[PDB]
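Engineer: Got a structure for you, written out below as C-alpha cells; questions coming shortly.
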Amino acid sequence: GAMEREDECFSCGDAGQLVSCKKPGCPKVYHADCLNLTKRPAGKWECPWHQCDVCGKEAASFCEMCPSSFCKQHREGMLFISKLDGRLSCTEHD
Ligand SMILES: [Zn+2]
Ligand SMILES: [Zn+2]
Ligand SMILES: [Zn+2]
Ligand SMILES: [Zn+2]
C-alpha cells in the first residue's frame, strides 16, 4: 500500500501469505498464488484489480467484490451498483 494495507486477500476473502500493491490509492493485498504470480514481481507492482478482466488493459471501474475490474469499454453493462450495499458488482456475482 501507499497509505494503509488491509490484512486480507481481496481475491479470496482470506488472510495469509499476502503481497501488497505498491500503487497510491490501493490499500488492498492479495496472495501471489491466487494471482498466478509464478514470476516474482520486482519493484513497483500493480495489482490486476487495475486491469480489465476482459481485455487486460487499464481498468477505469473496479468491481468491489472481485479483482475483475473493467476498462471504459468493458464496464458498460458488465458492472453495476449492488442495491444490497451500494458496492460495484459485476454480472458474474449471481
Ligand atoms: Zn488470495
Ligand atoms: Zn492495486
Ligand atoms: Zn476491457
Ligand atoms: Zn465482481
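We label chains A, B, ... in the order they appear in the C-alpha cells, count residues from 1 in each chain, and number ligands from 1 in the order shown.
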Select the residues contacting ligand 3 at a distance of at most 8 Å, based on only C-alpha atoms and all ligand atoms, then format the selection as a list in words.
Structural biologist: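 Taking only C-alpha atoms and all ligand atoms into account, the residues around ligand 3 at most 8 Å away are residues 52, 53, 54, 55, 56, 57, 58, 59, 70, 71, 72, 73, 74 and 75 of chain A.
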Engineer: Can you pull out the residues contacting region 29-44 of chain A? Cut-off 6 Å, using only C-alpha atoms, and skip same-chain residues under 3 positions away; I want them as a PyMOL selection string.
Structural biologist: chain A and resi 9+17-20+22
Engineer: Show me which residues sit within 6 Å of ligand 4 when counting only C-alpha atoms and all ligand atoms, and put them as a VMD selection string.
Structural biologist: chain A and resid 63 65 to 66 68 89 to 90 92 to 93
Engineer: Mind dumping a table of every chain A residue within 9 Å of ligand 2, with the nearest atom pair and its distance in Å to one decimal, using only C-alpha atoms and all ligand atoms, sorted by chain and rising number, as CSV?
Structural biologist:
residue,atom,partner,partner_atom_place_in_ligand_line,distance
A:1,CA,ligand 2,1 (Zn),8.0
A:20,CA,ligand 2,1 (Zn),7.9
A:21,CA,ligand 2,1 (Zn),4.7
A:22,CA,ligand 2,1 (Zn),6.9
A:23,CA,ligand 2,1 (Zn),5.8
A:24,CA,ligand 2,1 (Zn),7.9
A:25,CA,ligand 2,1 (Zn),7.5
A:26,CA,ligand 2,1 (Zn),4.7
A:27,CA,ligand 2,1 (Zn),7.4
A:28,CA,ligand 2,1 (Zn),6.5
A:29,CA,ligand 2,1 (Zn),8.0
A:45,CA,ligand 2,1 (Zn),8.0
A:46,CA,ligand 2,1 (Zn),5.0
A:47,CA,ligand 2,1 (Zn),4.1
A:48,CA,ligand 2,1 (Zn),6.9
A:49,CA,ligand 2,1 (Zn),5.8
A:50,CA,ligand 2,1 (Zn),5.8
Engineer: Using only C-alpha atoms and all ligand atoms, pick whichever of A:94, A:7, A:64, A:85 has the shortest atom-to-atom distance to ligand 1.
Structural biologist: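 With only C-alpha atoms and all ligand atoms as the atom set, the closest residue is A:7.
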Engineer: One decimal, in Å: what's the spacing between CA of residue 5 (chain A) and CA of residue 82 (chain A)?
Structural biologist: 24.8 Å
Engineer: Check the DSSP output for the backbone and give back, as an NGL selection string, the residues of chain A in strand (DSSP E).
Structural biologist: :A and (18-20 or 29-31 or 79-81 or 88-90)
Engineer: Which of these residues is nearest to ligand 1, using only C-alpha atoms and all ligand atoms: A:91, A:78, A:10, A:69?
Structural biologist: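 Checking each candidate against ligand 1, we get A:10 as the closest.
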Engineer: Give me, please, the distance in Å between CA of residue 83 (chain A) and CA of residue 13 (chain A), quoted to one decimal.
Structural biologist: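 It comes out at 20.9 Å.
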